[PDB]
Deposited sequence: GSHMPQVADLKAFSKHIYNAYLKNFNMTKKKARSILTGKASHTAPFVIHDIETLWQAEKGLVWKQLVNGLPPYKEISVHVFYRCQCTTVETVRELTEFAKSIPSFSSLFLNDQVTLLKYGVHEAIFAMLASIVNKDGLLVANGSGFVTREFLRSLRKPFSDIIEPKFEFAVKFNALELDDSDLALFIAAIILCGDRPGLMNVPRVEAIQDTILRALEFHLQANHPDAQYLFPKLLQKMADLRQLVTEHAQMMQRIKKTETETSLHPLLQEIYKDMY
């Protein structure tokens, strides 16, 4: 009992230590209590690229696509240090850690993306900018069809009203997953995953005591997250096939191979 309480406290500390944007910091900005420069067209995007403190320019949709890859690459840096900060994770052999991150970071990215989003847009560049969803909708396909489902997911996910102490356990349960293809020491990860999910439902009882059925709802979001990454990797197969102009970051080439 007092082990899961200590486990939750340590994972939450890793979370706050390594991630650049909490859901608390983002709700502060999106409610005007922390103003981000609104990016809604080519005009404000060019000003942002000159004014905001953040490859050959091919076009507008491809430029935004490169900005998205930067976010992913940077978040993967943080997601590594978050998982490395978990002793059970660092105990695994280093190649099993890569297997977990390879199949794990994108599920965790789309969950954390809900933490910096309302139904009208998202926060970019350390919270100093707000890119409207309608401007993202107006990009040309496939780049439009890639971004839009992440909003539709982030809206339904934000209905559960999790805070950062909830997400730290939730994201940790995402990475420490025994279902990953090619895992060397499978039952070891399954044991770690069970400890975190137990720690999650225990923390959900204390922090969200009146919320009924919250834990089985979160498990469903973990299933919805596997589908979202499945469909995402399918659209990435299309970008590498039809978009000969767009280059792909080497870290994303390794993930989608």
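Missing from the model, relative to the deposited sequence, are the ranges 1 to 6, 41 to 43, 64 to 70, 274 to 276.
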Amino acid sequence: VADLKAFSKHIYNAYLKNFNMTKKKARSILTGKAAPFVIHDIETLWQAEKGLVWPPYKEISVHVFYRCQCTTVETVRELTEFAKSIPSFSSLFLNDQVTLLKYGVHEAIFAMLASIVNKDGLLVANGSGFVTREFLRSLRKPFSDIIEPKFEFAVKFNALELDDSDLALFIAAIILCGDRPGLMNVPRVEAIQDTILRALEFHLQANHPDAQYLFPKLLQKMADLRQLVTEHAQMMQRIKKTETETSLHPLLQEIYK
From here on, numbers count along this sequence of modelled residues.
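In this text, rigid core is short for the largest set of C-alphas that superpose within 1.5 Å between two forms.
Between 55 to 63 and 204 to 212, greater CA displacement relative to the shown form is found for 55 to 63 when the structures in 7 other deposited structures of this protein are fitted on the core. Rigid core superposition in 7 other deposited structures of this protein puts the Cα atoms of one stretch, out of 43 to 51 and 222 to 230, farther from the shown form on average, and that stretch is 43 to 51. Of the other structures of this protein that model both sides of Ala34, a third or more give it no coordinates. When the C-alpha B-factors of 224 to 232 and 35 to 43 are averaged, 35 to 43 comes out higher.
Remark: stretch with higher mean C-alpha B factor among 168 to 176 and 133 to 141 is 133 to 141.
Annotation for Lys9: C-alpha temperature factor in the highest third relative to the rest of the modelled chain, per the entry. When all modelled residues of the chain are sorted by CA temperature factor, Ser128 is found within the highest third. Among the modelled residues of its chain, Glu148 has a C-alpha B-factor that falls in the middle third according to the deposited record.
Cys70 sits in the lowest third of its chain by CA B factor, as recorded in the PDB entry.
Per-chain ranking of the deposited C-alpha B factor places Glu81 in the lowest third.
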